[PDB]
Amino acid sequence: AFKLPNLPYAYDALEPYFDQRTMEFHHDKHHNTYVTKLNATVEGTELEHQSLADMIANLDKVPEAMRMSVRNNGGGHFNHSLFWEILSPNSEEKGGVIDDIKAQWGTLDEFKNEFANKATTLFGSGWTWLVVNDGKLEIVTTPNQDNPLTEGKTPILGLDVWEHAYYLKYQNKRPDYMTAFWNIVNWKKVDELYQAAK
């Protein structure tokens, strides 16, 4: 069975950028529901002992009757698992991945502007991602709980733009949420993920 992972920090650790109350609902209700629903689908099938990364990467090979749930709930589990790990109260904008972002976009500020633009124009529920695509960095969005790993691109950083991720503190002001996020990116983790994928 898949398990709801504990946060690596306290529910208040990301204040005043991401509110405690949201972290509680987001982790303990939303993420938990994805885990329970994924387990409901894979319990007593061949997928039970398959890794989450493998099934998301190989979504096409999941049998048709299970595929929507693995996509949606397995995506939910995978995406939120990654999300919590790339947030940190000790954000420092340095590391190999930061150097290579600057090489490609010219500056970190130009990177953030493209990221923000894509995050703010995403229509409906979804995610904005920094991915590695055949050695190169790219910013892409996905709808709902779709993940770029399914398309062969390795995600190293993501922003959840489902309204549950920001509505309590920010209501419709998604751009203010985006602004807040930069203060709490775990660039050490993103770098670790980048060094492995490049």
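The first residue of the sequence shown is number 1, and the count goes up from there.
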So, looking at the entry's B-factor column for Cα atoms, which has the higher mean, 45-53 or 145-153? 45-53
Quick note on 91-99 and 109-117: per-entry mean CA temperature factor is higher in 91-99
Where the record places residue 133 (Cα B-factor, split into thirds across the chain): highest
Where does the C-alpha B-factor of residue 159 rank in its chain, lowest, middle or highest third? lowest
Going by the recorded CA B-factors, say which third of the chain residue 61 sits in, lowest, middle or highest. highest
Compare the C-alpha B factor of residue 21 with those of the other modelled residues in its chain, then answer lowest, middle or highest third. middle
